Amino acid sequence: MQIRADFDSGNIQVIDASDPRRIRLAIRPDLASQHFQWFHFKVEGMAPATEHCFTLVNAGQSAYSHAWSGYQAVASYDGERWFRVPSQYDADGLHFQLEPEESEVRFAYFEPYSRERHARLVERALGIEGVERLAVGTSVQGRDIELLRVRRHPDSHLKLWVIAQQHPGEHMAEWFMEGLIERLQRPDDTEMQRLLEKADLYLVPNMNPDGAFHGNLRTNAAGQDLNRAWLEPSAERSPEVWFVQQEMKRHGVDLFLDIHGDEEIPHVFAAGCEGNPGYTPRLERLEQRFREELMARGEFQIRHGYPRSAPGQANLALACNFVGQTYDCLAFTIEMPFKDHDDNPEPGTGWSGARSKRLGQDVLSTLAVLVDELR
């Protein structure tokens, strides 16, 4: 038996894998920050007809250790079909067991989205009618930050921005983008026809390629939390955010969605800008419309989420608040669960890459409905 993480988005430290019934492992802290929670490794040469019991020993010291409770690890034999496995959490850490049908299998905190797939996603995007790579930024380690624009009518006047995965460990985010982009390949898509008549789409499939490649959870290569750098972006420390802000200034913003993933809450939800000094009645109305329309179409609810912000007490270092206020536009942070969307239980897979994609396409339907109210 051999366990490794020497690959894209891999993360794990092997303690002792000599006894299948007592496998010890540790989660690796981010490149330049103390945060950790995301894990991704492969096991090879497992004995057949044998139970293998795994334990992430430092789960208790992870960034969000209270989120472990109720969480079921994800696994895959072919890296295509991912399934949930029996898991428990106590003082010794996160435990999960599996009697593998195959000699090899891989585990991860969520269905990984590799930079390899990212590349194929961009390729397909550029092969789509009206889709272009409007501009490209560069990460701290020199990886591409594509800004794709979907434009099918030279007279549209609205700019709808959607960026994802500023936090590397939140892989469900890029899955959301894949679904959103792929819907653009439909021949007779009436809703999209209307949307694109009035607006152009500005998409950044991945805001932190270095973090994602290195299996980080929270920060970019420099150790900076990108969703805390919007008030004071750095060309050197947070180039990913700096790039996006320059382009936003060039073209303008009339809508902004920041796609994330939440470790704790087992529900898909959306946080707004109610704490912004610039939170107007118009924006409060639009936020109500958006949630109302999305709730009627996708796996999205409004009962659970983060505590709301008191009037004028928002943290403008956050993308959602910063963009919404700077441009006086509807803005939300979309949150997908690492667990399941309990409203629609599917224990065998929990929240997945597929359900993330579907949410991405449902969100497009919501935008089509609200396009005439944004401005």
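Note that residue numbering follows the sequence shown and begins at 1.
For the segment pair 231-239 and 169-177, the entry gives 231-239 the higher mean B-factor, averaged over Cα atoms. When the C-alpha B-factors of 102-110 and 160-168 are averaged, 102-110 comes out higher. Of the candidates 317, 331, 47, 27, it is 47 whose Cα B-factor is highest according to the PDB record. Per the PDB record, 92 has a higher Cα B-factor than any other of 144, 210, 92, 225. Sort the modelled residues of the chain by CA B factor and residue 252 lands in the middle third.
In this PDB entry, the Cα temperature factor of residue 298 sits in the bottom third of its chain's modelled residues, the lowest group. Ranked within its chain, residue 54 lands in the highest third, by CA B factor from the PDB record.
Ranked by Cα temperature factor within the chain, residue 263 sits in the middle third according to the deposited record. Remark: residue 76 belongs to the middle third of its chain, ranked by C-alpha B-factor as recorded.
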